[PDB]
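Input: a single structure, listed below in structure tokens.
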Amino acid sequence: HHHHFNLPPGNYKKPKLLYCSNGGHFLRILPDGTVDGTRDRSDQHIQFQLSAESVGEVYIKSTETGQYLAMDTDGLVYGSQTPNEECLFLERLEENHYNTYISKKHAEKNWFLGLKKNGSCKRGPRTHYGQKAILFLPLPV
């Protein structure tokens, strides 16, 4: 409805690393529910299992902790113990080659998952189409 329907090729069979081209960080969910990015490919918190709820709608779950990636009412990204409406993301292709993740709940506001150059997660309203922060590359684990 609010967005296009260009989808990336299937990547749910195996777990993946979500590499942000912005600052070259791997998305990470820490045990305490903290979300950020790290350049350390050896980190035990950067592996995710993605799954499709509906076509183009996914859950992003940490294989290490079982936490679900989510974005709160104030646009803050966090790790959820249980899956909820804040956990659904619209997985879309971007710039013909990357994957972008739009908060389903806040889709009309164009709130995306994104990482700054310093490895910090961006707040929902600070994200927008056109930024490098929103571009991810699913990499093999």
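Residue numbers start at 1 in each chain; chains themselves are named A, B, ... in the order of the structure tokens; ligands are numbered from 1 in the order shown.
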
(request) Name the residues of region 82-117 of chain A that come out as strand (DSSP E) in a backbone DSSP run; write them as a VMD selection string. (result) chain A and resid 89 to 94 98 to 103

(message) Using only C-alpha atoms, which protein or nucleic acid residues come within 10 Å of region 33-41 of chain A? Drop anything in the same chain fewer than 3 positions from it, and give the result as number ranges by chain.
(response) A: 17-20, 23-30, 44-47, 65, 67-70, 76-81, 114-122, 141

(message) Ranking A:31, A:138, A:15, A:75 by minimum distance to residue 63 (chain A) and counting only C-alpha atoms, which one comes first?
(response)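 That would be A:15, the residue with the smallest distance to residue 63 (chain A).
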
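With only C-alpha atoms as the basis for measurement, A:91 is the residue among A:85, A:91, A:108, A:74 that approaches residue 11 (chain A) most closely.
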